[PDB]
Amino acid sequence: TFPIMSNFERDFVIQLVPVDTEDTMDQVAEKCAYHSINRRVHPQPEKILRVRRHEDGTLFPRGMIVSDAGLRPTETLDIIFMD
């Protein structure tokens, strides 16, 4: 278990979202979407959710796992729509 701050695209607030060190970025995005999609943001079925480090804008590959991302606990991440 590892805490991160989700800054979901088109949402208005950053939120606390607990992910797992073994989660892939895709699974991180899914856990983050749970707190924004269909609550405050409309789904975009034709897009793919990507994870980007908020501070410098580093884009993490879909398959990279938290364990290898070099994140600081509670690190803020942008969850953006792409393709």
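Note that residue numbering begins at 1 and tracks the sequence as displayed.
Ranked within its chain, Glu30 lands in the middle third, by CA B factor from the PDB record. Remark: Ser67 belongs to the highest third of its chain, ranked by C-alpha B-factor as recorded.
In the PDB entry, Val19 places in the middle third of its chain by CA B-factor.
Ranked by C-alpha B-factor against the other modelled residues of its chain, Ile80 falls in the middle third. Ranked by C-alpha B-factor against the other modelled residues of its chain, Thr58 falls in the highest third.
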